[PDB]
Amino acid sequence: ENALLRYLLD
Amino acid sequence: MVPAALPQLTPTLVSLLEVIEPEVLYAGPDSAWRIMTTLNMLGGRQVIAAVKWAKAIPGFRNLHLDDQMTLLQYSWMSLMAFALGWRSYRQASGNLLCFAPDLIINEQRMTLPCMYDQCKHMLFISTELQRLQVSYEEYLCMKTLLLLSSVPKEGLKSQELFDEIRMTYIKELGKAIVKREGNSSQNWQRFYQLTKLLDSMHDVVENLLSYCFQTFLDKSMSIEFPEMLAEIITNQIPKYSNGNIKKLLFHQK
Ligand SMILES: C[C@@H]1C[C@H]2[C@@H]3CCC4=CC(=O)C=C[C@]4(C)[C@@]3(F)[C@@H](O)C[C@]2(C)[C@@]1(O)C(=O)CO
C-alpha cells in the first residue's frame, strides 16, 4: 500500500 | 581565509534542526496545466527530502512506524507550503513564489487563468512571515511543529511520546522568540502571534489540498504527479475524506 514511504522510513 | 571545518553544534534542539535542514532543491511555462505538473514533479522530490529530514528529528523514529507514516501523510502539504512561504519571503523581491532558485513564479504568471486562486493561498504564508519578521530559528521550530500538528482522531499508537516531543518543540519555539531579546511583554505577544500563524496554516492547507486532491483524482485533467507524491495522496485522501484528520490548535478559534 505505502511501499515507497515505508521503504524510505526503513 | 579560514580552514575547512563544520560549524559547532550545541546541545539545543534548534542547533540540530539547523544542521538537518535539507538543502534547497533546484527544479532543473505559460499554461496553468503545464506549470502545475512541473510544480508536482518538484514537490515529489521535496517530499522525499522531507521524509529523510523527519527521521532525523530527535524523537520521531521512536514513534511507532504507523505513527510516523501517518504524521507525514497528514502534514506533508503543510511542510511544503510553509517552506515555499519561507523561500518566497527571503527573496524580498515582491509578490513572488520562489518554488526553487531556478523556478520563480512572478506576478505575471501568478495571474494567468487558473493560477491566481491557487497561488494566492501560497502567497499568504509568505506575506505573513514577512509581516511578522520571522527569524530563521523561529521558522525551523515552527516547521517542526507543523510535522506534529495533524493527528488521527482516535490518537497515535505512541501518544504519550508524541505529546512529550511536541511539548519539546513548543518550548524551543519559545526559546527562539526569547533569544530575539525583547522584553517579557513582547515575548508573550510574539508567542501569541506565532502560534496564531501556526493555527492559520491549517486553513491554508485545506485550500491547497482541495486543488491537490481534485487535480490528482481527475485523470481527464492530465496533470501529472510523481510516484512518491501519488502514493502519499492515494493514502491520505481516505483519511482526509473520512474526517479522520484532527487539527491540533493553539487557540480555540
Ligand atoms: C494548489 C496545489 C498546492 C501545490 C503545492 C504547494 C506546496 C508545494 C511547494 C513546492 O515547493 C513544490 C510543490 C508543492 C508541493 C506544490 F506547489 C505542487 O505539488 C502543486 C500543488 C499540489 C498545487 O498547485 C496543485 O494542486 C497542482 O496540481
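Each chain gets a letter, A, B and so on, in the order the sequences are listed, and its residues count up from 1. Just so you know, these numbers use all the heavy atoms, side chains as well, and skip hydrogens, waters and symmetry mates. Both counts, for ligands and for their atoms, begin at 1 and track the order of listing.
- Side chains of B/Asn244 and B/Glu154: a donor-acceptor N/O pair is present below 3.5 angstrom, by distance only.
- Residue B/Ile223 touches ligand 1 through its side chain alone, judged by heavy-atom distances below 4.0 Å.
- Residue B/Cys212 places at least one N or O, backbone or side chain, under 3.5 Å from an N or O of ligand 1.
- Ring planes of B/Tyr192 and B/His251: perpendicular class, angle over 60° (limits at 30 and 60°).
- Using a distance-only test at 3.5 Å, with no hydrogens or angles considered, a donor-acceptor pair links the side chain of B/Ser126 to the main chain of B/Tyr89.
- Side-chain contact annotation: B/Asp163 with B/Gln159, donor-acceptor N/O pair under 3.5 Å present.
- Using modelled atom types and a 3.5 Å distance limit, the side chains of B/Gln189 and B/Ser185 yield no donor-acceptor pair.
- In terms of protein heavy-atom proximity, atom 17 (F) of ligand 1 is nearest to B/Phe99 CE2, 3.3 Å.
- In this structure, atom 4 (C) of ligand 1 lies nearest to the protein heavy atom B/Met122 CE, 3.7 Å.
- Here is the list of ligand 1 atoms found below 4.0 Å of a heavy atom in B/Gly43: 12 (C), 13 (C).
- The shortest separation from a heavy atom of B/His121 to ligand 1 is not under 4.0 Å, leaving the residue out of contact.
- Of the heavy atoms in B/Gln118, only side-chain atoms (C-beta onward) come closer than 4.0 Å to ligand 1.
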Atom pairs and distances, side-chain donor-acceptor, residues 44-57 of chain B, under 3.5 Å, sequence neighbours left out:
{"from": "B/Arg45", "atom 1": "NH2", "to": "B/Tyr26", "atom 2": "O", "distance (Å)": "2.3"}
{"from": "B/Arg45", "atom 1": "NH2", "to": "B/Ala27", "atom 2": "O", "distance (Å)": "3.4"}
{"from": "B/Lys55", "atom 1": "NZ", "to": "A/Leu8", "atom 2": "O", "distance (Å)": "3.2"}

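- Atom OG1 of residue B/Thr111 and atom CG of residue B/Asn106 lie 8.5 Å apart, to the nearest 0.5 angstrom.
- Regarding atom 28 (O) of ligand 1, its nearest protein heavy-atom neighbour is B/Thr215 OG1, 2.9 Å.
- Counting only N and O atoms by type, the side chains of B/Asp218 and B/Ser220 include a donor and acceptor under 3.5 Å apart.
- Of the protein's heavy atoms, at least one falls inside 4.0 Å of atom 23 (C) of ligand 1.
- Note on B/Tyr211: it does not cluster hydrophobically with B/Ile237, by side-chain heavy-atom contacts below 4.5 Å among ILVMFWY residues.
- Between B/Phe225 and B/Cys212 there is a side-chain heavy-atom pair separated by less than 4.5 Å.
- With hydrogens left out, the protein atom closest to atom 16 (C) of ligand 1 is B/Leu39 CB, 4.4 Å, a heavy atom.
- For atom 27 (C) of ligand 1, the nearest non-hydrogen atom of the protein is B/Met36 CE, 3.3 Å.
- Taking a cut-off of under 4.0 Å to the non-hydrogen atoms of B/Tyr211, the atoms of ligand 1 that pass are 1 (C), 2 (C), 26 (O).
- The nearest heavy-atom contact from the protein to atom 18 (C) of ligand 1 is B/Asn40 OD1, 3.5 Å.
- Atom 12 (C) of ligand 1 has as its closest protein heavy atom B/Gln46 OE1, 3.2 Å.
- At least one heavy atom of B/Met77 lies less than 4.0 angstrom from ligand 1.
- By the 3.5 Å distance cut-off applied to N or O atoms, B/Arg87 is counted among the residues near ligand 1.
- In this structure, B/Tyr139 and B/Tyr136 have parallel ring planes: the angle between them is below the 30° cut-off, well short of the 60° mark.
- In terms of protein heavy atoms, atom 8 (C) of ligand 1 is closest to B/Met80 CB, 3.8 Å.
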